[PDB]
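Before any questions on how it binds or moves, here is one chain, the form deposited in one PDB entry, in structure tokens.
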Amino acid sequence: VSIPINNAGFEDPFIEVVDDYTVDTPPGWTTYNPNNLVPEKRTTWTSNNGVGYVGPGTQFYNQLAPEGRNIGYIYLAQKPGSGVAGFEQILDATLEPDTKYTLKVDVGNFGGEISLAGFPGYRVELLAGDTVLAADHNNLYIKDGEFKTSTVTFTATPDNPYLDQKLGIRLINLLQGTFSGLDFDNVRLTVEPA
């Protein structure tokens, strides 16, 4: 009923200090970088992704991390309109027919003070091979300091072109606004019979 995802809640690496965070791609995820917005050689000033600690006393959120200690974030330095980037993970599971997939991700708009107000917008995708089967493109209004849960669902029929191809997830910073950073957490993919 549940499909396994590595580091699904970005709990690895463990981070001790409040509001600390990494600037390396979270383990178990690759950087989705179709427009080359995330450079090969990262700096703390460049487009970046990583993991962050949302602990008691966080200046980023009114709540704690939706799950565990940690969230995964994407930050883009380029100006709005330059493209997208984010997290991708291809799974060791395949598109199977008469099956309904439910992808749930929590999407965070962190606030605080540089000022962190505003949002670049998000997209969450369910892949089979290279094909986006279903995606939530920025449908939820998320206020600074809050998380909302994005849901993407998909049902494959026996006649689907992409059966037995590898399932995948993308979590995308759209860069359609500033402050152009956002957080994700608690990735969940469950199957049930159609």
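Numbers follow the displayed sequence, beginning with 1.
- Mean C-alpha B-factor is higher over 97 to 105 than over the other stretch, the pair under comparison being 119 to 127 and 97 to 105.
- Higher mean CA temperature factor, per the PDB entry, when comparing 130 to 138 with 39 to 47: 39 to 47.
- Ranking 157, 149, 31, 153 by Cα temperature factor from the entry places 157 first.
- Note on the listed residues 175, 15, 171, 182: the highest Cα temperature factor in the record is that of 15.
- In this PDB entry, residue 111 carries a Cα temperature factor that places it within the highest third of its chain's modelled residues.
- Among all modelled residues in this chain, the alpha-carbon of residue 8 has a temperature factor (C-alpha) in the middle third.
The form deposited with a small molecule bound is left out here; the points below concern that form.
- Residue 75 belongs to the set of residues with a heavy atom inside 4.5 Å of the small molecule in the bound PDB entry.
- Taking the partner from the other structure, the small molecule in the bound PDB entry has a heavy atom within 4.5 Å of a heavy atom of residue 48.
- In the bound PDB entry, no heavy atom of residue 101 sits within 4.5 Å of the small molecule.
- The small molecule is not shown here, and in the bound PDB entry it never comes within 4.5 Å of any heavy atom of residue 119.
- When contacts are defined as a non-hydrogen atom within 4.5 Å, none of 6, 14 and 87 contacts the small molecule in the bound PDB entry.
- Residues of just one listed stretch (40 to 48, 162 to 170, 133 to 141, 24 to 32) have heavy atoms within 4.5 Å of the small molecule in the bound PDB entry: 40 to 48.
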